[PDB]
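This document opens with one chain alone, in C-alpha coordinates, the form deposited in one PDB entry.
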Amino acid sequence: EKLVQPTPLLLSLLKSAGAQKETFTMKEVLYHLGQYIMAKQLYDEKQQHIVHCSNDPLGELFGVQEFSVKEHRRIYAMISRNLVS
(Lines give C-alpha, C1' and ligand atoms only; values in the text may rest on other atoms or scores of the structure.)
Protein backbone atom coordinates (compact mmCIF):
# COMPACT_ATOMS: atom_id res chain seq x y z
CA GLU A 1 0.00 0.00 0.00
CA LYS A 2 3.12 2.16 -0.17
CA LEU A 3 3.51 4.36 -3.23
CA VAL A 4 7.09 5.23 -4.10
CA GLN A 5 8.47 8.12 -6.12
CA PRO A 6 11.26 7.45 -8.61
CA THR A 7 13.96 10.10 -8.94
CA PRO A 8 14.02 11.97 -12.25
CA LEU A 9 16.62 9.61 -13.73
CA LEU A 10 14.78 6.40 -12.86
CA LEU A 11 11.45 7.96 -13.82
CA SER A 12 12.79 8.70 -17.30
CA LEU A 13 13.64 5.01 -17.75
CA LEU A 14 10.21 3.92 -16.54
CA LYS A 15 8.44 6.31 -18.88
CA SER A 16 10.56 5.18 -21.83
CA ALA A 17 9.28 1.67 -21.03
CA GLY A 18 5.65 2.80 -21.09
CA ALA A 19 4.94 3.99 -17.54
CA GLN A 20 2.34 6.77 -17.34
CA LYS A 21 2.47 8.19 -13.81
CA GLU A 22 4.99 9.58 -11.33
CA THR A 23 4.39 7.29 -8.36
CA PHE A 24 4.08 3.53 -8.25
CA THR A 25 3.78 0.50 -6.03
CA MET A 26 7.08 -1.36 -5.85
CA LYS A 27 5.43 -4.08 -7.95
CA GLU A 28 4.70 -1.52 -10.66
CA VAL A 29 8.28 -0.27 -10.59
CA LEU A 30 9.51 -3.84 -11.01
CA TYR A 31 7.07 -4.37 -13.86
CA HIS A 32 8.12 -1.29 -15.79
CA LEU A 33 11.81 -1.98 -15.21
CA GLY A 34 11.24 -5.48 -16.56
CA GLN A 35 9.75 -3.91 -19.67
CA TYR A 36 12.70 -1.52 -19.88
CA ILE A 37 15.15 -4.40 -19.59
CA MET A 38 13.48 -6.26 -22.44
CA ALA A 39 13.18 -3.11 -24.57
CA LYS A 40 16.92 -2.48 -24.23
CA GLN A 41 17.73 -6.16 -24.79
CA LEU A 42 19.61 -6.42 -21.51
CA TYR A 43 18.21 -9.89 -20.79
CA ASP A 44 18.20 -13.11 -22.79
CA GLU A 45 15.56 -15.66 -21.87
CA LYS A 46 16.47 -19.24 -20.99
CA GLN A 47 20.17 -18.55 -20.46
CA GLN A 48 21.92 -17.54 -17.22
CA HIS A 49 19.15 -15.26 -15.91
CA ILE A 50 21.58 -12.33 -15.99
CA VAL A 51 20.81 -8.71 -16.81
CA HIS A 52 23.73 -7.24 -18.74
CA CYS A 53 23.65 -3.49 -18.24
CA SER A 54 27.26 -2.26 -18.29
CA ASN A 55 26.66 0.00 -21.30
CA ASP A 56 23.14 1.05 -20.36
CA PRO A 57 21.81 3.91 -18.23
CA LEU A 58 20.41 1.24 -15.90
CA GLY A 59 23.89 0.04 -15.04
CA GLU A 60 24.81 3.44 -13.59
CA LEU A 61 21.64 3.99 -11.57
CA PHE A 62 22.15 0.49 -10.17
CA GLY A 63 25.96 0.51 -10.21
CA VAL A 64 26.71 -2.77 -11.99
CA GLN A 65 27.90 -4.46 -15.18
CA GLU A 66 25.36 -7.19 -14.53
CA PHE A 67 23.15 -8.81 -11.93
CA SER A 68 21.06 -11.96 -11.64
CA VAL A 69 17.29 -11.54 -11.71
CA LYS A 70 17.21 -14.07 -8.87
CA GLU A 71 18.99 -11.63 -6.54
CA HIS A 72 15.82 -9.96 -5.32
CA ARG A 73 17.15 -8.34 -2.15
CA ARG A 74 19.91 -6.74 -4.19
CA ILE A 75 17.45 -5.54 -6.82
CA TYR A 76 15.19 -3.92 -4.22
CA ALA A 77 18.24 -2.17 -2.79
CA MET A 78 19.38 -0.93 -6.19
CA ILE A 79 15.91 0.39 -6.92
CA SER A 80 15.75 2.02 -3.50
CA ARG A 81 18.88 4.04 -4.34
CA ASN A 82 16.71 5.67 -6.97
CA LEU A 83 13.63 6.58 -4.97
CA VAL A 84 12.83 9.95 -3.41
CA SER A 85 10.17 8.76 -0.99
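Only residues modelled in both forms are compared. In this text, residue numbers run from 1 along the sequence as written. Basically, rigid core = biggest C-alpha set you can superpose within 1.5 Å across the two forms.
Note that the form deposited in another entry isn't included here; everything after this is about it.
A movement of the C-alpha atom of residue 44 reaching 2 angstroms or beyond is seen between the shown form and the other one when the two forms are aligned on their rigid core. Comparing the forms between the shown form and the other one on their rigid core, the Cα displacement of residue 62 reaches 2 Å or more. After superposition on the rigid core, the stretches of at least three consecutive residues with Cα shifts of 2 Å or more between the shown form and the other one are 44-48, 62-64.
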